[PDB]
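Presented as structure tokens, the chain that follows is alone, the form deposited in one PDB entry.
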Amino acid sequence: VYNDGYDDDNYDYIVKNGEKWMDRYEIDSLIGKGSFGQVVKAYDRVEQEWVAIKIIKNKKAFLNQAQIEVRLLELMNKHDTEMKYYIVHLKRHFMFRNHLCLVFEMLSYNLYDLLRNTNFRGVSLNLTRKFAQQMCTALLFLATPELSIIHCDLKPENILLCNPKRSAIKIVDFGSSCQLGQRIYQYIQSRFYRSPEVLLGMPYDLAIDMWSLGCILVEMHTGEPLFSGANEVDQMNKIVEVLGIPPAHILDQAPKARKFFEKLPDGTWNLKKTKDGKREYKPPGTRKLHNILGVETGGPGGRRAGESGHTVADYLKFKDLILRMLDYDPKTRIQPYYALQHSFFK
């Protein structure tokens, strides 16, 4: 009925465990599914190693976006082995039965699965520091002028562990990514990790990934998302609870500024007033990250009192770096090279 019987009604390849492709790949199991298509675990019989295969939907719009993804991955390969790693390596791409397939190295589970393994108690600040250092190094690689790649969907699920017993991680899935001079989407990033400039409908650059990283790092240590908005208005309001009203010079140039805020006659911006006798959000900037992290009270849940790398000085350094990553202004938000110089690391 669809693609000579190889596709379902949603342009997806019907995965059958054990099938052999091109006398090379033995499909093992379904790993996951997304809007792009599916991801399967497979054994490369020629190279004798496990691989992950992204099976793109047999539909032109998804094929074309994956062709951009392949070009970006290949651009990173011309620099690869010669620059910051911490990025999932594209091993091969090919067409198979009207599906574009992307072969990657097979890694372990993602950082959200790690959080779930701890029952969302969070991981230590020492492990968070290691994750932060590797991700800042990976963002520095993307910031290479010839690359200038914006990932556009950084989240715990898109950061994979190399080995479930080690701290090595890699960024995965550049299916929504773009170069700085080639921006085509505006509804980008997962909502919890969406930058203010994207929420405000402003032009964005590579700084949006650094905003996502700040949200990710706090969640990794606390076990819970920092800004868990159910919609765009709720997301902006949860950001304002912690960070306050964005600067006026930003809101004055934001096309969607009045979707969340109001400009009083004095030129000062305020939040749009909620309705009737409904409970208000915390006043702007009163949900202090200082207390979300438990800087003076033994960390999240008080579980870190006396733990090495969890001194008050350590939490003050971590809080400072996060606030630099959560700068409202994308032109002054901390950049990957200078995040790596932060005293949180050395």
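Shifts are known only where both forms have a C-alpha. Numbering starts at 1 and follows the sequence shown. In this text, the rigid core denotes the largest set of C-alpha atoms whose superposition between the two forms falls within 1.5 Å.
Asks: Considering only other entries where residues before and after it are modelled, is residue 278 without coordinates in at least a third?
Replies: Counting only entries that model residues on both sides, residue 278 is unresolved in at least a third of them.
Asks: Between 207-215 and 243-251, which has the larger average Cα B-factor in the PDB entry?
Replies: Result: 243-251.
Asks: Quick one: higher average CA temperature factor, 218-226 or 85-93?
Replies: Stretch with the higher mean C-alpha B-factor: 85-93.
Asks: Out of 172, 257, 135, 198, which shows the largest CA B-factor listed in the entry?
Replies: Within the set 172, 257, 135, 198, 257 shows the top C-alpha B-factor.
Asks: Say you rank 269, 104, 131, 112 by Cα B-factor from the PDB entry; which sits at the top?
Replies: Among 269, 104, 131, 112, the PDB entry lists the largest C-alpha B-factor for 269.
Asks: By its CA B factor, does residue 47 count among the lowest, middle or highest third of the modelled residues in the chain?
Replies: Within its chain, residue 47 is a middle-third residue by C-alpha B-factor, going by the deposited values.
Asks: How does residue 148 rank on Cα B-factor within its chain, lowest, middle or highest third?
Replies: Middle third of the chain for residue 148's C-alpha B-factor.
Asks: Once the chain's modelled residues are ordered by C-alpha B factor and cut into thirds, is residue 316 in the lowest, middle or highest one?
Replies: As the PDB entry reports it, the C-alpha B-factor of residue 316 lands in the lowest third of its chain.
Asks: Taking the values exactly as deposited, rank residue 9 by C-alpha B-factor within its chain and report the matching third: lowest, middle or highest.
Replies: Its C-alpha B-factor belongs to the highest third of this chain's values.
Asks: If you rank the chain by CA B-factor, which third does residue 54 end up in: lowest, middle or highest?
Replies: Its C-alpha B-factor belongs to the lowest third of this chain's values.
Another form exists, deposited in another entry; not displayed. Remarks below refer to it.
Asks: For the list 126, 268, 182, 144, which one shows a CA move of 2 Å or more between the shown form and the other one after the core is fit?
Replies: Among the listed residues, the one whose C-alpha moves by 2 Å or more is 182.
Asks: Does residue 89 move appreciably between the shown form and the other one, meaning a CA displacement of 2 Å or more on the superposed rigid core?
Replies: Shift at residue 89: below 2 Å after core fit.
Asks: Given a change of 3 Å or more, say if the Cα atoms of residue 54 and residue 83 sit closer or farther in the other entry than in this form.
Replies: Result: closer.
Asks: Your call: residue 183 and residue 54 CA atoms, closer or farther in the other entry versus the shown structure, by 3 Å or more?
Replies: Compared with the form shown here, the C-alpha atoms of residue 183 and residue 54 sit farther apart in the other entry, by 3 Å or more.
Asks: Counting only residues modelled in both forms, where do runs of 3+ with a CA shift of at least 2 Å appear between the shown form and the other one, relative to the core?
Replies: Runs shifting 2 Å or more: 81-84, 181-186.
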